[PDB]
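Below: the structure, in structure tokens.
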Amino acid sequence: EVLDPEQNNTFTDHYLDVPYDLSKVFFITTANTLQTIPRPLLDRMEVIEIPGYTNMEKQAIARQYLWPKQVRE
Amino acid sequence: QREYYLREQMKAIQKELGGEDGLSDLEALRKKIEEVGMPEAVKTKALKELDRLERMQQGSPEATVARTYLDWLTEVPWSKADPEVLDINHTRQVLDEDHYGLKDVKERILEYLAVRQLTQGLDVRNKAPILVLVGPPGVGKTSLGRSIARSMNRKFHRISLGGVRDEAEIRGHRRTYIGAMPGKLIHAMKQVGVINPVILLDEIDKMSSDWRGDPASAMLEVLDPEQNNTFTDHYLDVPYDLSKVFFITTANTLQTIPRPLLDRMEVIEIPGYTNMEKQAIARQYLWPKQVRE
Amino acid sequence: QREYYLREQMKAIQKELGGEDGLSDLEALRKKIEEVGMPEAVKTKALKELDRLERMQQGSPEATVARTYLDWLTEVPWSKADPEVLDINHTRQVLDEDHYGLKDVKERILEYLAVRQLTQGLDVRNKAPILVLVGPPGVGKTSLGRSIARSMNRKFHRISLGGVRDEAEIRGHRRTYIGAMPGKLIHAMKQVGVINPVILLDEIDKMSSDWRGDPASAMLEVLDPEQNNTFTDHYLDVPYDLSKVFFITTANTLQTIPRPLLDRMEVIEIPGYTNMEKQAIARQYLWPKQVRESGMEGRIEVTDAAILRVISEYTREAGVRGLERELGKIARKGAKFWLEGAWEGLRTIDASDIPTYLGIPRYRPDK
Amino acid sequence: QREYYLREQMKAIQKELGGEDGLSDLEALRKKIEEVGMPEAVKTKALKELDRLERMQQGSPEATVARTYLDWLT
Amino acid sequence: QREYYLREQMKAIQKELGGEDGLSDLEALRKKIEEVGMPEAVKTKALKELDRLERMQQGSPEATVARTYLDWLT
Ligand SMILES: Nc1ncnc2c1ncn2[C@@H]1O[C@H](COP(=O)(O)OP(=O)(O)OP(O)(O)=S)[C@@H](O)[C@H]1O
Ligand SMILES: Nc1ncnc2c1ncn2[C@@H]1O[C@H](COP(=O)(O)OP(=O)(O)OP(O)(O)=S)[C@@H](O)[C@H]1O
């Protein structure tokens with residue numbers, strides 16, 4: 001009910017007996033596999049797969065982000 | 001002369017300690033009970049508990065309980081209804097404006113209207129359908145409910161039963177308790193103004209069911225096609241008829257519905273679309289929507 | 001002190017509602033208490049609570065509690081019963097008008113009536129059996145309650161126990177609370193006017209438990225025929241007799257009924273219907289009521305072979321809700337065909353015209 | 001009579017703290033219930049709950065539920 | 001003497017707001033304890049939970065708990 005992209009204009013919990021509007025809120029959900037998400041819940045979300053890094057972009061991350069941070073701390 | 005002079009004295013005592021109520025709106029409740037619906041046993045017990053509020057004094061914490069019971073009892077509709085639409089062609093037009101395909105559901109609605117045309121007063125039973133729409137996760141069977149409700153010129157209200165686990169959400173709590181009020185059905189019948197709504201029960205196959213909470217066995221006598229004209233709440237203790245309510249329920253599978261609840265409902269399969277149907281849906285419903293937005 | 005003075009004059013006016021408030025109380029209820037006919041200990045408790053409903057003033061929150069407890073104690077039936085039937089042939093003829101088949105249940109009811117009519121002098125008898133109807137969904141369990149109650153010329157009341165979780169529905173709350181109502185059983189006894197109704201307790205196998213106990217423990221008190229003659233709720237502080245009530249209960253399976261309840265019950269199983277039984281109850285019961293409700297009577301009919309087609313090739317069940325949904329579908333299609341051009345007389349639906357009305361068959365017959 | 005005068009004194013204290021302040025509670029909630037941009041179908045429920053609240057007892061076990069509900073709405 | 005003097009005052013007040021001995025309680029269920037059993041520790045405990053029902057309000061929930069307790073212990 002909270003992630004339905006057509007019907008979350010009217011979300012109703014049990015304490016507030018009124019419909020509340022959740023259509024403007026930017027949801028970002030995080031997972032690490034898709035197999036344990038039930039199929040009606042997976043259909044409501046847009047998938048973006050982040051694959052894992054190669055060695056030269058690991059070098060770029062280590063030069064530009066990780067090593068100055070570990071030096072300052 | 002003497003008895004209405006006695007009324008003059010009690011009026012003097014009342015308005016010198018008047019609350020702008022206690023004689024200003026108790027008799028408004030007296031007028032409002034008698035003018036709206038309310039079969040005879042209900043109005044007898046209602047006037048019985050109306051004449052035993054007047055000697056509470058608000059300054060009576062049980063005066064709140066009785067007045068809120070009366071205001072749940074008078075604002076739930078009794079015999080107020082929307083007419084049936086006779087233009088079956090106009091209903092066909094409005095159903096074709098919203099969705100592509102889906103001939104089975106549309107023919108079900110048009111046959112309901114054809115039956116309601118041939119009964120223009122015959123003293124027969126008027127029993128509204130109880131449906132379950134079953135299909136794959138993407139096929140539109142939630143938007144179809146309010147498309148039906150707009151095409152028939154009826155009122156619409158949606159209830160989500162997706163994670164509901166307690167029985168106090170279908171029926172209420174008793175009037176004894178501090179903050180009690182009825183279940184979602186009586187509240188939905190109060191939000192809607194009539195006795196002919198289209199109530200979408202959003203997913204009927206996802207209710208929790210164990211030895212510590214099973215609402216799926218309290219949905220029996222809500223969806224019973226023979227006995228839901230005497231549905232009894234726990235807050236209201238009068239029998240209240242739900243036999244005129246057009247209930248549409250939705251599910252993705254039939255295996256997780258309890259078997260005494262499944263055969264209460266007429267099952268309409270919605271199978272999933274072919275490539276020509278998806279091309280037509282994409283041409284005249286989805287692409288103009290995305291281009292506008 | 002002004003407002004004390006003012007409703008002091010109001011209660012002095014209440015001494016002269018009609019020249020007195022007595023007719024509404026000491027003379028309302030003192031007339032109503034022996035107008036009914038009530039036992040002696042409850043008469044003692046009623047008189048020596050009207051003794052202090054006498055003394056107090058109206059309006060104050062200690063008089064409304066006592067007055068509602070006196071009003072609820074006056075309108076519960078004490079020693080008033082419907083007459084007993086002495087002709088079991090009339091009971092057999094009434095039971096055969098509402099249902100078809102179901103021979104063992106009907107003859108068990110006739111055995112109970114014969115036992116109670118032959119035995120009215122030894123005073124161990126006349127404990128009514130706690131009947132349990134067990135079967136698949138769709139067989140006539142719930143309808144037999146009203147059919148049996150019409151057969152014995154008694155009054156009927158149905159209580160649904162499908163999702164009852166609180167124990168305060170069976171046995172109520174004490175009348176010292178700010179809101180106070182009795183249980184559902186004594187409310188049902190107020191609904192009927194007699195001491196011997198037929199109470200249908202529907203779906204006893206589906207009661208839910210909670211903390212503060214489960215309502216099966218409170219249900220065991222009323223449904224045990226050796227302790228239900230002194231049944232005590234908490235609203236009424238007195239024992240009440242519920243031994244003359246004929247209880248009928250329904251269930252779908254036995255494995256979820258509590259063990260101290262199954263030891264006091266006599267199960268009667270309803271097996272499910274064969275095809276000849278299904279077409280008999282479709283000729284006699286389902287098809288006329290599906291044609292009346294469509295407004296198509298005198299305009300469309302169906303043969304026996306067509307009903308056998310509908311049973312064999314479109315249903316797989318034990319009950320008959322699906323069969324009447326199919327017959328209602330045929331009546332709807334006829335009602336829609338009527339509006340797009342009428343006919344005279346009545347057309348008769350044959351077994352070769354069924355796929356026009358119901359579509360492609362969904363089960364294949366054996367050959 | 002002494003403690004009657006005591007409770008009557010403290011009731012006189014609470015009905016005017018500074019100049020007024022006796023009714024800053026429900027009148028401030030009446031202001032706040034219309035300063036926010038609620039839909040009308042929620043405003044009707046809120047005003048009916050507040051009118052049902054204003055007859056009650058200040059400090060009842062049945063008043064704090066309604067006041068907490070109105071606070072969650074505001 | 002002081003027992004039936006102060007209870008004589010109990011009687012003389014309860015006679016008009018109660019029409020003579022009220023409820024048959026409060027003097028002779030005091031005598032029903034000595035005619036059944038009992039160990040003396042049980043007897044003094046019964047007298048202690050008996051004498052707390054003396055002035056406590058009739059129509060209150062705690063009194064009924066104490067009432068059924070001393071009636072079932074009897
Ligand atoms: N035939 C159709 N014509 C037009 N729009 C359609 C059609 N079928 C589906 N849609 C659209 O598809 C979307 C999904 O509809 P939903 O009713 O939400 O599907 P749903 O089956 O109810 O999802 P769940 O997971 O089963 S609750 C909606 O925006 C519909 O408008
Ligand atoms: N032998 C029969 N003769 C006539 N009508 C019957 C017969 N058996 C069943 N029916 C009808 O079948 C319908 C279903 O009856 P019910 O008693 O409500 O079923 P049920 O056994 O109570 O089902 P559940 O799921 O346990 S509530 C009613 O309309 C009955 O009139």
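In what follows, every chain begins at residue 1, and chains take the letters A, B, ... in the order their sequences are listed. Computed over heavy atoms, backbone and side chain alike; hydrogens, waters and symmetry mates excluded.
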Listed pairs under 3.5 Å, donor-acceptor, residues 180-191 of chain B side chains, sequence neighbours left out:
none

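Side-chain contact between C:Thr249 and C:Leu133 is absent, with no heavy-atom pair separated by less than 4.5 Å. Under the 4.5 Å side-chain criterion, counting only non-hydrogen atoms from C-beta, C:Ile204 is not in contact with C:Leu261. Side-chain contact between B:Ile248 and B:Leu201 is absent, with no heavy-atom pair separated by less than 4.5 Å. Using a 4.5 Å cut-off on side-chain heavy atoms (C-beta onward), A:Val18 and D:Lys45 make contact. Contact annotation: the side chain of A:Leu34 approaches that of A:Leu42 to within less than 4.5 Å [non-hydrogen atoms, C-beta and beyond]. Taking 4.5 Å as the limit, some side-chain heavy atom of C:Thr142 sits within range of a side-chain heavy atom of C:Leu200. No side-chain heavy atom of B:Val134 sits less than 4.5 Å from a side-chain heavy atom of B:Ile270. Contact check for C:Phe246 versus C:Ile199: no side-chain heavy atoms found under the 4.5 Å cut-off.
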Query - Trace of the side-chain contact (heavy atoms from CB on, under 4.5 Å) decision for A:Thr12 with A:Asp17 - result: CA-CA 7 Å; A:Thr12 301; A:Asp17 287 332; 5.5 Å; no
Query - Working for side-chain contact (heavy atoms from CB on, under 4.5 Å), residues C:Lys155 and C:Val198 - result: CA-CA 6 Å; C:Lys155 294 185 183 294; C:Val198 174; over 6 Å; no
Query raised in the report: Between B:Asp210 and B:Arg165, is a side-chain contact (heavy atoms from CB on, under 4.5 Å) present by the stated rule, with each step listed?
Result: CA-CA 9 Å; B:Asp210 57 352; B:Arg165 67 182 181 179; over 6 Å; no
Query raised in the report: For B:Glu266 and B:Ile130, what are the C-alpha separation, side-chain angles and deciding distance, and is it a side-chain contact (heavy atoms from CB on, under 4.5 Å)?
Result: CA-CA 6 Å; B:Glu266 180 176 358; B:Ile130 297 169; over 6 Å; no
Report task. Determine, stepwise, if the pair C:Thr253 / C:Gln255 fulfils side chain to side chain donor-acceptor pair (under 3.5 Å). Result -> CA-CA 6 Å; C:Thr253 190; C:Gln255 288 86 19; 2.3 Å; yes
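Under a cut-off of 6.0 angstrom, the local environment of NZ in C:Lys127 is sparse, with at most 12 non-hydrogen atoms contributed by other residues, nucleotides or ligands. By the neighbour-count criterion of 12 heavy atoms within 6.0 Å, atom OH of C:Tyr177 is sparsely surrounded, having that number or fewer from other residues, nucleotides or ligands. Heavy atoms from other residues, nucleotides or ligands lying under 6.0 Å from OH of A:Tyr20 number 12 at most. Under a cut-off of 6.0 angstrom, the local environment of CZ in E:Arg67 is crowded, with over 12 non-hydrogen atoms contributed by other residues, nucleotides or ligands. C:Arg259 CZ: 12 or fewer foreign heavy atoms inside a 6.0 Å radius. Residue C:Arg108 qualifies as enclosed at atom CZ: its count of foreign heavy atoms under 6.0 Å is above 12. With a 6.0 Å radius and a threshold of 12 heavy atoms from other residues, nucleotides or ligands, C:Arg325 has its CZ atom above the threshold.
Here the side chain of B:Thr64 pairs a donor or acceptor atom with the backbone of B:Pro61 at under 3.5 angstrom. For B:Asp205 (side chain) and B:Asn252 (main-chain N/O), a donor-acceptor pair under 3.5 Å exists by modelled atom type. Between the side chain of C:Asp233 and the backbone N or O of C:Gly172 there is no donor-acceptor pair closer than 3.5 Å. Side-chain N or O atoms of C:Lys244 include none that pairs as donor or acceptor with a backbone N or O of C:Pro197 at under 3.5 Å. The backbone N or O of B:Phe231 sits nowhere less than 3.5 Å from a side-chain atom of B:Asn228 that would complete a donor-acceptor pair. Using modelled atom types, no side-chain atom of B:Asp166 and backbone atom of B:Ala168 make a donor-acceptor pair closer than 3.5 Å. For C:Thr250 (side chain) and C:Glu203 (main-chain N/O), a donor-acceptor pair under 3.5 Å exists by modelled atom type. For B:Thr230 (side chain) and B:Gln227 (main-chain N/O), a donor-acceptor pair under 3.5 Å exists by modelled atom type. With hydrogens and angles ignored, the 3.5 Å screen pairs a side-chain donor or acceptor of B:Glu167 with a backbone N or O of B:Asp214.
A salt bridge links B:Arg171 with B:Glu221: the closest approach of a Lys/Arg side-chain nitrogen to an acidic carboxylate oxygen falls below 4.0 angstrom. A salt bridge links B:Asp263 and C:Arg321; the closest N-O separation between the charged side-chain nitrogens and carboxylate oxygens is under 4.0 Å. Under 4.0 Å is where a charged nitrogen must lie from a carboxylate oxygen, and between C:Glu226 and C:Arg264 at least one such pair does.
Side-chain atoms of B:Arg158 and B:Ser160 form a donor-acceptor pair, as typed in the model, at a separation below 3.5 Å. Side chains of E:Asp71 and E:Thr68: no donor on one and acceptor on the other come within 3.5 Å. With no hydrogens or angles considered, a side-chain donor-acceptor pair links C:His234 and C:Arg174 at under 3.5 Å. Between the side chains of C:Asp241 and C:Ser243, at least one donor N or O sits under 3.5 Å from an acceptor N or O.
The nearest pair of heavy atoms linking C:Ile257 to C:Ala251 is CD1-CB, 4.1 Å. Of all the heavy atoms in B:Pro215 and B:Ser208, the pair that sits closest is CD-O, 3.3 Å.
Taking CG from C:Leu144 and CD1 from C:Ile268, the interatomic distance works out to 9.5 Å, rounded to the nearest 0.5 Å. Taken from OH in B:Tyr235 to CH2 in B:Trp72, the straight-line distance is 7.5 Å, to the nearest 0.5 Å. The distance from the CG atom of C:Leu102 to the OG atom of C:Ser143 is 10.0 Å, given to the nearest 0.5 Å. Atom CD of D:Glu49 sits about 8.5 Å away from atom CG of D:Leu73, to the nearest 0.5 Å. In this structure, the separation between CG on B:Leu131 and CG on B:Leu223 is 11.0 Å, given to the nearest 0.5 Å. Taking OG1 of C:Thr256 as the start and CE of C:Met207 as the end, the distance is 9.0 Å to the nearest 0.5 Å.
Residues passing the salt bridge (charged side-chain N to carboxylate O under 4.0 Å, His left out) test with D:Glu62, sequence neighbours excluded: D:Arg52.
Both tests pass for C:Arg175 against the ring of C:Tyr69: distance under 6.0 Å to the centre and angle within 45° of the axis.
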